[PDB]
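Notes for the one structure printed next.
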Amino acid sequence: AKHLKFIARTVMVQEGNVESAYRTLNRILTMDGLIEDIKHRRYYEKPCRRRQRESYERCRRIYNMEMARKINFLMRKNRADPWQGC
Amino acid sequence: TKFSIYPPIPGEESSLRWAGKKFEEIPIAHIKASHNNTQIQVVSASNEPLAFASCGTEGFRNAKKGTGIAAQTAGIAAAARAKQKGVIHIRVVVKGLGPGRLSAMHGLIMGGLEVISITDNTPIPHXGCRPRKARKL
Amino acid sequence: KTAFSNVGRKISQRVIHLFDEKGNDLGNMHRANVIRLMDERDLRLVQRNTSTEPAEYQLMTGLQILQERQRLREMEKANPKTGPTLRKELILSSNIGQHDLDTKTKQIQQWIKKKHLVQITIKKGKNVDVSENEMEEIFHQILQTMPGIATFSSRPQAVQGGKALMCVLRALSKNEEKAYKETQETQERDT
Amino acid sequence: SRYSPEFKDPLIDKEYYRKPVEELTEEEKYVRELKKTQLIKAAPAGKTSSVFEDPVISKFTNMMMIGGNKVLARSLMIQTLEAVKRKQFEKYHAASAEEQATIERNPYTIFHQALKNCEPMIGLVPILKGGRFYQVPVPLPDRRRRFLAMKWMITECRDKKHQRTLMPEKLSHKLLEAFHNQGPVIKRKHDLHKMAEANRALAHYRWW
Amino acid sequence: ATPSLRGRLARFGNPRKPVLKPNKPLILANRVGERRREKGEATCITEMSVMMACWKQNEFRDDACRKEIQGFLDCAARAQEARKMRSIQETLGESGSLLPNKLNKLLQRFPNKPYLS
RNA sequence: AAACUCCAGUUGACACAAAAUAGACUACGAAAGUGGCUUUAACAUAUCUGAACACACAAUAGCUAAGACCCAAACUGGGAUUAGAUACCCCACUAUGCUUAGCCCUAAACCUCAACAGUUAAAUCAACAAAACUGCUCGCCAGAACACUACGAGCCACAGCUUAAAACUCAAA
Ligand SMILES: [K+]
Ligand SMILES: [K+]
Ligand SMILES: [K+]
Ligand SMILES: [K+]
Ligand SMILES: [Mg+2]
Ligand SMILES: [Mg+2]
Ligand SMILES: [Mg+2]
Ligand SMILES: [Mg+2]
Ligand SMILES: [Mg+2]
Ligand SMILES: [Mg+2]
Ligand SMILES: [Mg+2]
Ligand SMILES: [Mg+2]
Ligand SMILES: [Mg+2]
Ligand SMILES: [Mg+2]
Ligand SMILES: [Mg+2]
Ligand SMILES: [Mg+2]
Ligand SMILES: [Mg+2]
Ligand SMILES: [Mg+2]
Ligand SMILES: [Mg+2]
Ligand SMILES: [Mg+2]
C-alpha cells in the first residue's frame, strides 16, 4: 500500500505472448510459495494443525530427496546386462 | 537489446514505448478474481475510470458467475467499452485466485486490447486478520 | 428467485417485446435489434414481466435499475408477504413409548407456533397387533395438548394399503381462534 | 465370430487393384505383398463393386429395416428416390429458365445434402464430476454426427403425427425440406445446439 | 542436500522435544509410487465458444458460421488425435523420466537393507 | 436461499488486532511456552538425588472490574438440508480471544519414555513402539467396574479444583 506499484509480481509481455507471461508469473508465485500460502489462508489453520502439516511436509521432503538421491545413484546400472546367459 | 521481463522503472530513461506512450502512461485493467465472481475495471494512469464489467453485470447469476467462460464474457464487455474510449494497450493487475483469473484476461484480448504486462496483487497478509474457521465436509 | 438485474446481451427468446427507459412501448422486435439498441443508447436490458406470452423487457440505465430495486425492497420490508407453508413430516409407531411421544409432541407444538403444516403418520409397531381405532387415538392425544392452538387440516385417513394412518395438523385461523376464546369465555360465565 | 482373428476384411474397390505398380510407394508395395499371405473374409451380401453403389444410402436403408426385412426397406428407399426425382422434375418444368439453373434434380445429391444439413455439430453427453452427472456441451465425432442425422430423419418419418401417409411420401418430403434448411429435423438440430449453448457454463465439467 | 535428521525424532538421548513426528518410519522402500494420472480438463472450449457466439448472433444459422464451425471441428480432430498420441507416449515413457515398472526393477536389484545380515 | 444495497471497484488517508518469506533452520526456557523491529534488565547451583507436610510457576477455556474492538466466534437469531436436524452447509451478531488489575490452577500439561552417572560385551530381544542394559535415588503401581464418584479436609475456587474410598456386581477386564 505504501510501496511503489508495478514492481512486485510484475512480468512484461513479449511479442504479445500473454500466455507465456502468465505462465511465467504463475511460476514465480509458486516458487516463492505465494500460491500455496494464499490457499492455506482461505480458512484459518489452527496452530496444532499447522505444526502437523509442516511436520508431514518436512518428512516428505526428506524421504523424497533421499529416494531421488538413490535413483540417480543407481541409474547408471540400468545399462544392458553385460553377462547375459550367465 | 535483450528482452527484460522486469518492468521499466519510473524516472529512469527507457526506450520502450506503446503508441508513443511510456509504461507509466498506459491504462490499467484491474481484475478482481474472486471465488464466486470476477470484477474488471479499466482505469487511466491518472486513476480515471474508463470501463467496468463483472460476471453479475453480464447477466450471470449464482454459481455460473464463478466460472471461466463467465469471466471471459466480462472481459470482452469491459474491453469493448474501453476500446471506445481510446484504449489499446493495458497493464493488467489481477488480484485473487478465482476461476476468472486467466479467463478474464483472455476476454480483454479477444475484445481488442493488447496486454503489455501482468501484475499480481493478490492480498497476502504478513501475519493480519484471522480468517473464518475451516469447513467440515 | 427472480432478480431485477440486467438480462445481459444474451436474450433467451428470439422475439422480444421491448419498452423505452421512459416507458414508451417500442413493440416486438428480434433480440439482435435489441442488442443494437442497447449499444446505440448505452442502456441495459431488464425483464419487467415474464408471464406474458410475448416476453416483455425494458431498457434502463444503471441508476434506474437501482432505484427500482430500492422501491421493491421497501415494498417488502413494509408489507412483507407470508412465506410458503412448510410441511413437516413425522412417522410414529403404534407402540411408541410415552417419553418419545412427549418429545415429538413438544416438537409438533413448535411447528404449529411457526404456522407450519404437520403431516403425522402412524404405522403398526414392530411385532405388534393393533387396530386402526387404537392408532387413531394417538392423534387425539397429540392434539389434546394443543386445545386452542391446533386443529386437523386433514382428518385421519388410512393410507399405504391400510397399514398406517395419516393426518395433517395446522394452526387455528384468527377467526377460529377468536371463536375458541369466545366459547371458552361462555363456559366461564356459565361456571 | 466364426472368422478367426486372422481373417481380414475384404477390400472391394476395382481402382485399388488396377493402379499401376510404378505409382505405388514402398509402404503401399508392402501392404500388397502382405495381403497375398492373409486370409480374407467372404464379401458380405450387401456391398458390391457396382458403380451405382452408395454406402450412405445402403446404411440409411439398414436403419429403416424392421425385423430383417431388407426387401421392404430397399423398396421404400428406391421409392423415396423416385419420389424425390419426380417432385424435382415437376418443379423444373414449371419454373423459368433462370430458376431452372438452381433446381437440383438428382435425388442422390439431394439425399446427401439433406443429411449433411441435419448433422449436429456439437453434442451433449452426461459427465460425472464431484459425484454428480452433468449434461455438458461436447464435440461430436464424425461417425456420431452422421448417425444422428439418419436416426433423426427416420424417427421424424415414423412419428404418428403423419396420418396414413406412406413412408416414401413422408421421407421424400422431409428430405426436400432439410435440403432447403427447413423442417422439423433441422429444428431438432437447432434445439440440440440451443441446449448446448445454454449449458456453455457447464463445459468445464468435461475432463477430455 | 537432504535436510538433517540429527536430533529431529523423539529418542533416548535426545534432550530436545521432537522436531518431526513421522507417522511412518523414515526408511526408503524398495518401490516408488505409481504414475498418478493427471486430472482431466475440457479442451477446445475457446473454439467452442466462438462457434456458439456466432450462432447466438446469427439465430443459430449454420450458413453464416461455416468458418467458425469448421474451426471447432478441426480443434476436436486435433485434440482427438492428441488423446492417441499422449497415450502412446505415456506408455512408451517418451516424456517420463522412467517408468515406475522400470524404476522398481532397478530398486529390486539394490534393495534397502534396514537390518543386519 | 436468506443477508447487504449510504453497496461494489480504483485511489488516498488511517489500529490497544495479528505477526508472509527467512524456517529444507532446530535454537531459547524448569515446564507451560517462545519465530515483526529496537533498546534496557536478564537466563539459579564449582558433587548428585530430594518436599503430595512447603514455596514459586503453570496452554486453552472460565470468573471479577475498568477499557479497546479490525477480524474470528460458543450461545442466539435467520436461510437451507432432513422422516426429524436442538447438527454438519450459508448469513448476522454477542460472551470470548486483546490490554490493565486480581482470581481460577485444569489439558492426550504425552516426546504417555523420571533425575544423575556409565556401557554397547555377554543371553540382543515376549509383541509393537523410539535397540538392549548397569549403578544410584526419589516418585508411583498391585484384577475389572463402581470411580476424574461418595464422605472428610483444604482452597479468593460455591454447577469448582486437589486428595480419594467402600458396599453391591463380574470371571474377566
Ligand atoms: K511477521
Ligand atoms: K515456516
Ligand atoms: K494431568
Ligand atoms: K503426545
Ligand atoms: Mg421435507
Ligand atoms: Mg502413529
Ligand atoms: Mg535438587
Ligand atoms: Mg493458567
Ligand atoms: Mg481472559
Ligand atoms: Mg465478523
Ligand atoms: Mg466482542
Ligand atoms: Mg497484540
Ligand atoms: Mg504441550
Ligand atoms: Mg504423565
Ligand atoms: Mg525427580
Ligand atoms: Mg544417561
Ligand atoms: Mg484396582
Ligand atoms: Mg478432570
Ligand atoms: Mg470431585
Ligand atoms: Mg465434598
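All residue names refer to the C-alpha cells as shown: chains lettered A, B, ... in order, residues numbered from 1 in each chain, ligands numbered from 1 in order.
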Residues within 9 Å of ligand 7 (only C-alpha atoms (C1' of nucleotides) and all ligand atoms), as a PDB file with C-alpha atoms (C1' of nucleotides), in the first residue's frame?
ATOM      1  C1'   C F  48      24.409 -35.727  42.796  1.00  0.00           C
ATOM      2  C1'   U F  49      19.260 -37.164  44.412  1.00  0.00           C
ATOM      3  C1'   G F  50      15.486 -34.826  47.176  1.00  0.00           C
ATOM      4  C1'   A F 115      16.835 -37.294  37.776  1.00  0.00           C
TER       5        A F 115
END
Residue hits in chain C, query chain B, radius 10 Å, only C-alpha atoms, as a JSON list (two decimals) with N, CA, C and O atoms, in the first residue's frame:
[["chain", "number", "residue", "atom", "x", "y", "z"],
["C", 3, "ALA", "N", -34.47, -12.10, -9.95],
["C", 3, "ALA", "CA", -33.83, -10.86, -9.54],
["C", 3, "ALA", "C", -34.03, -9.79, -10.60],
["C", 3, "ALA", "O", -34.10, -10.07, -11.80],
["C", 5, "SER", "N", -32.25, -7.50, -12.45],
["C", 5, "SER", "CA", -30.89, -7.20, -12.87],
["C", 5, "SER", "C", -30.85, -7.16, -14.39],
["C", 5, "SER", "O", -31.78, -7.61, -15.08],
["C", 6, "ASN", "N", -29.76, -6.62, -14.92],
["C", 6, "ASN", "CA", -29.57, -6.59, -16.37],
["C", 6, "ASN", "C", -29.61, -8.01, -16.93],
["C", 6, "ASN", "O", -28.90, -8.89, -16.45],
["C", 7, "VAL", "N", -30.44, -8.22, -17.94],
["C", 7, "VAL", "CA", -30.54, -9.54, -18.54],
["C", 7, "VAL", "C", -29.25, -9.90, -19.25],
["C", 7, "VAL", "O", -28.88, -11.08, -19.35],
["C", 8, "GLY", "N", -28.54, -8.91, -19.77],
["C", 8, "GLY", "CA", -27.30, -9.11, -20.49],
["C", 8, "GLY", "C", -27.49, -8.91, -21.98],
["C", 8, "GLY", "O", -28.51, -8.41, -22.46],
["C", 9, "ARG", "N", -26.46, -9.30, -22.73],
["C", 9, "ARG", "CA", -26.53, -9.26, -24.18],
["C", 9, "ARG", "C", -27.24, -10.47, -24.76],
["C", 9, "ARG", "O", -27.77, -10.39, -25.87],
["C", 10, "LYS", "N", -27.27, -11.58, -24.03],
["C", 10, "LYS", "CA", -27.91, -12.81, -24.50],
["C", 10, "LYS", "C", -29.36, -12.82, -24.00],
["C", 10, "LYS", "O", -29.60, -12.88, -22.79],
["C", 11, "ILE", "N", -30.31, -12.76, -24.93],
["C", 11, "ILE", "CA", -31.73, -12.83, -24.62],
["C", 11, "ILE", "C", -32.23, -14.22, -24.99],
["C", 11, "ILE", "O", -31.96, -14.72, -26.09],
["C", 39, "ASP", "N", -26.55, -0.90, -27.41],
["C", 39, "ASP", "CA", -25.28, -0.25, -27.71],
["C", 39, "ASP", "C", -25.50, 1.17, -28.21],
["C", 39, "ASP", "O", -24.75, 2.08, -27.84],
["C", 42, "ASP", "N", -26.63, 3.01, -25.17],
["C", 42, "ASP", "CA", -25.82, 2.73, -23.98],
["C", 42, "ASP", "C", -26.72, 2.53, -22.76],
["C", 42, "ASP", "O", -26.55, 3.16, -21.72],
["C", 44, "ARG", "N", -29.02, -0.67, -20.47],
["C", 44, "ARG", "CA", -29.09, -2.08, -20.14],
["C", 44, "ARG", "C", -30.53, -2.57, -20.23],
["C", 44, "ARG", "O", -31.49, -1.80, -20.11],
["C", 45, "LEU", "N", -30.67, -3.88, -20.44],
["C", 45, "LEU", "CA", -31.97, -4.51, -20.65],
["C", 45, "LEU", "C", -32.40, -5.25, -19.40],
["C", 45, "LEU", "O", -31.63, -6.04, -18.85],
["C", 46, "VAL", "N", -33.63, -5.00, -18.95],
["C", 46, "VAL", "CA", -34.20, -5.68, -17.79],
["C", 46, "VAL", "C", -35.50, -6.36, -18.21],
["C", 46, "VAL", "O", -36.13, -5.99, -19.21],
["C", 62, "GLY", "N", -28.27, 2.19, -15.41],
["C", 62, "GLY", "CA", -27.83, 1.54, -14.19],
["C", 62, "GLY", "C", -28.43, 2.17, -12.95],
["C", 62, "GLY", "O", -28.80, 1.48, -12.00]]
Collect all residues with atoms no farther than 8 Å from ligand 17, counting only C-alpha atoms (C1' of nucleotides) and all ligand atoms, and output them as a PDB file with N, CA and C atoms (P, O5', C5', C4', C3', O3' and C1' of nucleotides), in the first residue's frame.
ATOM      1  P     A F 142      -2.749 -49.530  42.678  1.00  0.00           P
ATOM      2  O5'   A F 142      -2.530 -51.093  42.487  1.00  0.00           O
ATOM      3  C5'   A F 142      -2.782 -51.714  41.231  1.00  0.00           C
ATOM      4  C4'   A F 142      -2.487 -53.189  41.278  1.00  0.00           C
ATOM      5  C3'   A F 142      -3.128 -53.925  42.450  1.00  0.00           C
ATOM      6  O3'   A F 142      -3.498 -55.247  42.055  1.00  0.00           O
ATOM      7  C1'   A F 142      -0.777 -54.135  42.576  1.00  0.00           C
ATOM      8  P     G F 143      -4.990 -55.786  42.312  1.00  0.00           P
ATOM      9  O5'   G F 143      -5.694 -55.669  40.890  1.00  0.00           O
ATOM     10  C5'   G F 143      -5.023 -56.072  39.708  1.00  0.00           C
ATOM     11  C4'   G F 143      -5.992 -56.481  38.630  1.00  0.00           C
ATOM     12  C3'   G F 143      -7.165 -55.547  38.388  1.00  0.00           C
ATOM     13  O3'   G F 143      -6.832 -54.407  37.619  1.00  0.00           O
ATOM     14  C1'   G F 143      -7.957 -57.754  38.516  1.00  0.00           C
ATOM     15  P     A F 144      -7.588 -53.016  37.880  1.00  0.00           P
ATOM     16  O5'   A F 144      -8.946 -53.163  37.065  1.00  0.00           O
ATOM     17  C5'   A F 144      -8.939 -53.564  35.704  1.00  0.00           C
ATOM     18  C4'   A F 144     -10.314 -53.964  35.239  1.00  0.00           C
ATOM     19  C3'   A F 144     -11.423 -52.963  35.520  1.00  0.00           C
ATOM     20  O3'   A F 144     -11.477 -51.926  34.558  1.00  0.00           O
ATOM     21  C1'   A F 144     -12.126 -55.122  36.176  1.00  0.00           C
TER      22        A F 144
END
Exercise answer, chain F residues close to chain C, 9 Å and only C-alpha atoms (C1' of nucleotides), as a PyMOL selection string: chain F and resi 1+5+83-84
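The shortest atom-to-atom distance to chain A, with only C-alpha atoms (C1' of nucleotides) taken into account, belongs to F:72 out of F:43, F:72, F:65, F:148.
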Residue list (strand (DSSP E or B), DSSP) for chain B, as a PyMOL selection string: chain B and resi 18+21+28-33+38-43+49-54+89-95+114-120+133
Using the selection just defined, write its residues with N, CA, C and O atoms as a compact mmCIF listing (two decimals), in the first residue's frame.
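Saved result, selection02.txt, follows:
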# COMPACT_ATOMS: atom_id res chain seq x y z
N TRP B 18 4.69 2.49 -26.27
CA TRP B 18 3.50 1.84 -26.80
C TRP B 18 2.58 2.94 -27.34
O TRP B 18 1.96 3.66 -26.56
N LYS B 21 3.44 6.20 -25.96
CA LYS B 21 3.19 6.39 -24.54
C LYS B 21 4.16 5.54 -23.73
O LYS B 21 4.49 4.41 -24.11
N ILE B 28 -4.69 0.91 -16.91
CA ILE B 28 -4.56 -0.27 -16.06
C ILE B 28 -5.90 -1.00 -16.05
O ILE B 28 -6.95 -0.37 -15.85
N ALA B 29 -5.86 -2.31 -16.26
CA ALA B 29 -7.03 -3.17 -16.14
C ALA B 29 -6.95 -3.89 -14.80
O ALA B 29 -6.10 -4.77 -14.61
N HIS B 30 -7.83 -3.54 -13.87
CA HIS B 30 -7.87 -4.16 -12.56
C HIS B 30 -8.85 -5.33 -12.59
O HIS B 30 -10.06 -5.13 -12.71
N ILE B 31 -8.33 -6.54 -12.46
CA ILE B 31 -9.13 -7.76 -12.45
C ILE B 31 -9.15 -8.29 -11.03
O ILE B 31 -8.11 -8.67 -10.48
N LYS B 32 -10.34 -8.33 -10.42
CA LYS B 32 -10.53 -8.95 -9.12
C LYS B 32 -11.20 -10.30 -9.35
O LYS B 32 -12.40 -10.37 -9.60
N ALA B 33 -10.42 -11.37 -9.25
CA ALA B 33 -10.90 -12.73 -9.48
C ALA B 33 -11.24 -13.35 -8.13
O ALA B 33 -10.38 -13.89 -7.44
N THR B 38 -16.12 -12.29 -10.73
CA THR B 38 -14.94 -11.64 -11.30
C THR B 38 -15.32 -10.23 -11.70
O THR B 38 -16.28 -10.03 -12.45
N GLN B 39 -14.57 -9.25 -11.20
CA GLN B 39 -14.84 -7.84 -11.45
C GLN B 39 -13.64 -7.23 -12.16
O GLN B 39 -12.50 -7.43 -11.75
N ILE B 40 -13.91 -6.49 -13.23
CA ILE B 40 -12.88 -5.91 -14.08
C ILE B 40 -13.15 -4.42 -14.21
O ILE B 40 -14.24 -4.02 -14.65
N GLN B 41 -12.18 -3.60 -13.83
CA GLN B 41 -12.25 -2.16 -14.02
C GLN B 41 -11.02 -1.69 -14.77
O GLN B 41 -9.89 -1.99 -14.36
N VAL B 42 -11.23 -0.97 -15.86
CA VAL B 42 -10.15 -0.35 -16.63
C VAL B 42 -10.08 1.12 -16.24
O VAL B 42 -11.09 1.83 -16.29
N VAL B 43 -8.89 1.56 -15.83
CA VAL B 43 -8.68 2.94 -15.40
C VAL B 43 -7.48 3.51 -16.14
O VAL B 43 -6.61 2.78 -16.63
N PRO B 49 -11.72 6.24 -14.15
CA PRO B 49 -12.40 5.03 -14.61
C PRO B 49 -12.83 5.16 -16.06
O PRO B 49 -13.33 6.20 -16.50
N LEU B 50 -12.63 4.08 -16.82
CA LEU B 50 -12.99 4.03 -18.23
C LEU B 50 -14.04 2.98 -18.55
O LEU B 50 -14.86 3.20 -19.44
N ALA B 51 -14.03 1.84 -17.87
CA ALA B 51 -15.00 0.79 -18.11
C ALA B 51 -15.03 -0.13 -16.90
O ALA B 51 -14.00 -0.37 -16.26
N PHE B 52 -16.21 -0.66 -16.60
CA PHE B 52 -16.38 -1.63 -15.54
C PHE B 52 -17.30 -2.74 -16.01
O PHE B 52 -18.35 -2.48 -16.60
N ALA B 53 -16.91 -3.98 -15.74
CA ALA B 53 -17.74 -5.13 -16.04
C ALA B 53 -17.45 -6.23 -15.03
O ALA B 53 -16.31 -6.43 -14.62
N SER B 54 -18.51 -6.95 -14.64
CA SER B 54 -18.37 -8.12 -13.80
C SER B 54 -19.32 -9.19 -14.32
O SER B 54 -20.21 -8.92 -15.12
N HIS B 89 -3.51 -0.53 -25.50
CA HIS B 89 -2.59 -1.22 -24.61
C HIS B 89 -3.01 -1.01 -23.16
O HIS B 89 -3.39 0.09 -22.77
N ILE B 90 -2.94 -2.08 -22.37
CA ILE B 90 -3.33 -2.04 -20.97
C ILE B 90 -2.31 -2.80 -20.13
O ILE B 90 -1.69 -3.76 -20.59
N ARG B 91 -2.15 -2.35 -18.89
CA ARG B 91 -1.42 -3.09 -17.87
C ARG B 91 -2.43 -3.82 -17.00
O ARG B 91 -3.36 -3.20 -16.47
N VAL B 92 -2.25 -5.13 -16.85
CA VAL B 92 -3.19 -5.97 -16.12
C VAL B 92 -2.69 -6.13 -14.69
O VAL B 92 -1.54 -6.54 -14.47
N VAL B 93 -3.55 -5.82 -13.73
CA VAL B 93 -3.29 -6.06 -12.31
C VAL B 93 -4.40 -6.98 -11.82
O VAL B 93 -5.54 -6.54 -11.64
N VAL B 94 -4.07 -8.25 -11.59
CA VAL B 94 -5.04 -9.25 -11.18
C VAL B 94 -4.79 -9.61 -9.72
O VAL B 94 -3.67 -9.94 -9.33
N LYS B 95 -5.85 -9.53 -8.91
CA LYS B 95 -5.81 -9.93 -7.51
C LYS B 95 -6.84 -11.04 -7.29
O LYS B 95 -8.02 -10.86 -7.59
N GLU B 114 -4.43 -4.96 -26.05
CA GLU B 114 -3.11 -5.57 -26.03
C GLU B 114 -2.55 -5.47 -24.62
O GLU B 114 -2.39 -4.37 -24.09
N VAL B 115 -2.26 -6.62 -24.01
CA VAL B 115 -1.72 -6.66 -22.66
C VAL B 115 -0.20 -6.57 -22.76
O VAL B 115 0.44 -7.43 -23.38
N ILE B 116 0.37 -5.54 -22.14
CA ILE B 116 1.82 -5.34 -22.17
C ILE B 116 2.51 -5.84 -20.91
O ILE B 116 3.74 -6.00 -20.92
N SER B 117 1.76 -6.09 -19.84
CA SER B 117 2.34 -6.58 -18.60
C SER B 117 1.23 -7.20 -17.77
O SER B 117 0.05 -6.88 -17.93
N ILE B 118 1.63 -8.09 -16.87
CA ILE B 118 0.73 -8.75 -15.93
C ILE B 118 1.29 -8.57 -14.53
O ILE B 118 2.45 -8.90 -14.28
N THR B 119 0.47 -8.05 -13.63
CA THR B 119 0.85 -7.84 -12.24
C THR B 119 -0.13 -8.58 -11.34
O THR B 119 -1.35 -8.46 -11.52
N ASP B 120 0.40 -9.35 -10.40
CA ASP B 120 -0.41 -9.99 -9.37
C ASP B 120 -0.41 -9.11 -8.13
O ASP B 120 0.65 -8.71 -7.65
N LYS B 133 -13.25 -19.98 10.19
CA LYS B 133 -12.88 -21.35 10.54
C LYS B 133 -13.05 -22.30 9.35
O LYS B 133 -13.88 -22.08 8.46
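Restricting the atom set to only C-alpha atoms (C1' of nucleotides) and all ligand atoms, one finds that the residues within 12 Å of ligand 13 amount to residues 48 of chain A; 17 and 18 of chain E; 31, 32, 33, 58, 59, 60, 107, 108, 109, 110, 111 and 112 of chain F.
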At most 10 Å to chain B: residues in chain E, only C-alpha atoms, as an MDAnalysis selection string: chainID E and resid 45:46 49
May I have the selected residues written with N, CA and C atoms, as a short mmCIF file (atom, residue, chain, number, x, y, z; two decimals), in the first residue's frame?
data_model
loop_
_atom_site.label_atom_id
_atom_site.label_comp_id
_atom_site.auth_asym_id
_atom_site.auth_seq_id
_atom_site.Cartn_x
_atom_site.Cartn_y
_atom_site.Cartn_z
N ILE E 45 -12.39 -25.38 -25.69
CA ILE E 45 -13.51 -24.53 -25.29
C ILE E 45 -13.43 -23.18 -25.99
N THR E 46 -12.21 -22.68 -26.21
CA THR E 46 -12.05 -21.39 -26.86
C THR E 46 -12.70 -21.39 -28.24
N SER E 49 -16.53 -21.74 -27.89
CA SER E 49 -17.24 -20.53 -27.50
C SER E 49 -17.25 -19.48 -28.60
#
Compile the residues of chain B that lie within 9 Å of chain D, evaluated using only C-alpha atoms, and express the compilation as an mmCIF file with N, CA, C and O atoms, in the first residue's frame.
data_model
loop_
_atom_site.group_PDB
_atom_site.id
_atom_site.type_symbol
_atom_site.label_atom_id
_atom_site.label_comp_id
_atom_site.auth_asym_id
_atom_site.auth_seq_id
_atom_site.Cartn_x
_atom_site.Cartn_y
_atom_site.Cartn_z
ATOM 1 N N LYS B 64 -22.980 -19.761 -11.792
ATOM 2 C CA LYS B 64 -22.461 -19.545 -13.136
ATOM 3 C C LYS B 64 -21.491 -18.372 -13.178
ATOM 4 O O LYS B 64 -20.610 -18.332 -14.044
ATOM 5 N N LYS B 65 -21.627 -17.416 -12.255
ATOM 6 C CA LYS B 65 -20.678 -16.312 -12.198
ATOM 7 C C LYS B 65 -19.269 -16.816 -11.915
ATOM 8 O O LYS B 65 -18.294 -16.307 -12.478
ATOM 9 N N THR B 67 -17.247 -18.986 -12.940
ATOM 10 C CA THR B 67 -16.757 -19.866 -13.990
ATOM 11 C C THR B 67 -15.825 -19.082 -14.900
ATOM 12 O O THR B 67 -15.785 -17.851 -14.871
ATOM 13 N N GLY B 68 -15.070 -19.819 -15.716
ATOM 14 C CA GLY B 68 -14.154 -19.170 -16.639
ATOM 15 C C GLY B 68 -14.877 -18.429 -17.747
ATOM 16 O O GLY B 68 -14.619 -17.247 -17.990
ATOM 17 N N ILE B 69 -15.792 -19.115 -18.439
ATOM 18 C CA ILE B 69 -16.485 -18.501 -19.568
ATOM 19 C C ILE B 69 -17.256 -17.268 -19.125
ATOM 20 O O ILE B 69 -17.480 -16.346 -19.921
ATOM 21 N N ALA B 70 -17.679 -17.224 -17.862
ATOM 22 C CA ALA B 70 -18.356 -16.036 -17.357
ATOM 23 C C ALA B 70 -17.389 -14.868 -17.224
ATOM 24 O O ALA B 70 -17.737 -13.725 -17.543
#
Within-7 Å residues of ligand 1, basis only C-alpha atoms (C1' of nucleotides) and all ligand atoms, as a PyMOL selection string: (chain B and resi 126-127) or (chain F and resi 19-20+36)
Test item, helix (DSSP H, G or I) assignment across region 29-189 of chain C, answer as an NGL selection string: :C and (31-41 or 62-78 or 98-113 or 132-144 or 174-189)
Please report as a tab-separated table every residue of chain C lying within 12 Å of chain E, along with the nearest atom pair and their distance in Å (one decimal), using only C-alpha atoms.
residue	atom	partner	partner_atom	distance
C:9	CA	E:56	CA	9.9
C:10	CA	E:56	CA	7.6
C:11	CA	E:56	CA	9.2
C:12	CA	E:56	CA	9.8
C:13	CA	E:59	CA	10.3
C:14	CA	E:59	CA	7.9
C:15	CA	E:59	CA	11.2
C:30	CA	E:59	CA	9.8
C:31	CA	E:57	CA	9.1
C:32	CA	E:57	CA	6.9
C:33	CA	E:57	CA	10.5
C:34	CA	E:57	CA	11.7
C:35	CA	E:57	CA	9.7
C:36	CA	E:57	CA	11.2
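Using only C-alpha atoms (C1' of nucleotides), the residues found no farther than 9 Å from residue 22 (chain A), other than those of its own chain fewer than 6 positions away, are residues 11 and 13 of chain A; 102 and 118 of chain B.
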Restricting the output to C-alpha atoms, write the selected residues as a short mmCIF file (atom, residue, chain, number, x, y, z; two decimals), in the first residue's frame.
data_model
loop_
_atom_site.label_atom_id
_atom_site.label_comp_id
_atom_site.auth_asym_id
_atom_site.auth_seq_id
_atom_site.Cartn_x
_atom_site.Cartn_y
_atom_site.Cartn_z
CA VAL A 11 6.05 -9.62 -15.67
CA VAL A 13 4.70 -9.48 -22.13
CA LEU B 102 -6.83 -16.04 -16.50
CA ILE B 118 0.73 -8.75 -15.93
#
Shell of 8 Å around ligand 10 (only C-alpha atoms (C1' of nucleotides) and all ligand atoms), written as a ChimeraX atom specification: /F:71-73,93
Would you output that residue set with C-alpha atoms (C1' of nucleotides), as a PDB file, in the first residue's frame?
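Full text of again_13.pdb as output:
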ATOM      1  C1'   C F  71     -11.166  -9.923  12.272  1.00  0.00           C
ATOM      2  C1'   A F  72     -12.686 -14.570  14.153  1.00  0.00           C
ATOM      3  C1'   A F  73     -16.511 -16.596  17.150  1.00  0.00           C
ATOM      4  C1'   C F  93     -24.208 -10.908  15.831  1.00  0.00           C
TER       5        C F  93
END
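Applying a distance limit of 9 Å to only C-alpha atoms (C1' of nucleotides), the residues of chain E near chain F read residues 1, 2, 3, 4, 7, 8, 9, 10, 11, 12, 16, 17, 18 and 19 of chain E.
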Neighbour list for residue 154 (chain D) as a PyMOL selection string, cut-off 10 Å, only C-alpha atoms (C1' of nucleotides), skip fewer than 2 positions in-chain: chain D and resi 60-61+63-64+148-152+156-159+167+170-171+174+185
Go ahead and write the selection's residues with C-alpha atoms as a PDB file, in the first residue's frame.
ATOM      1  CA  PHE D  60     -29.842 -45.437 -44.295  1.00  0.00           C
ATOM      2  CA  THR D  61     -31.686 -48.458 -45.694  1.00  0.00           C
ATOM      3  CA  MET D  63     -31.595 -48.141 -40.264  1.00  0.00           C
ATOM      4  CA  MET D  64     -35.085 -48.301 -41.807  1.00  0.00           C
ATOM      5  CA  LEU D 148     -27.776 -38.760 -35.551  1.00  0.00           C
ATOM      6  CA  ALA D 149     -28.777 -37.150 -38.850  1.00  0.00           C
ATOM      7  CA  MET D 150     -30.057 -40.507 -40.109  1.00  0.00           C
ATOM      8  CA  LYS D 151     -31.750 -41.502 -36.850  1.00  0.00           C
ATOM      9  CA  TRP D 152     -33.485 -38.123 -36.581  1.00  0.00           C
ATOM     10  CA  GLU D 156     -39.453 -37.994 -37.665  1.00  0.00           C
ATOM     11  CA  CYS D 157     -40.970 -40.018 -40.509  1.00  0.00           C
ATOM     12  CA  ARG D 158     -42.118 -42.732 -38.090  1.00  0.00           C
ATOM     13  CA  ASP D 159     -43.887 -40.159 -35.905  1.00  0.00           C
ATOM     14  CA  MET D 167     -43.165 -43.657 -45.977  1.00  0.00           C
ATOM     15  CA  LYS D 170     -43.117 -38.730 -45.909  1.00  0.00           C
ATOM     16  CA  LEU D 171     -39.388 -39.325 -46.345  1.00  0.00           C
ATOM     17  CA  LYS D 174     -38.677 -34.406 -45.278  1.00  0.00           C
ATOM     18  CA  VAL D 185     -35.364 -32.363 -38.419  1.00  0.00           C
TER      19      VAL D 185
END
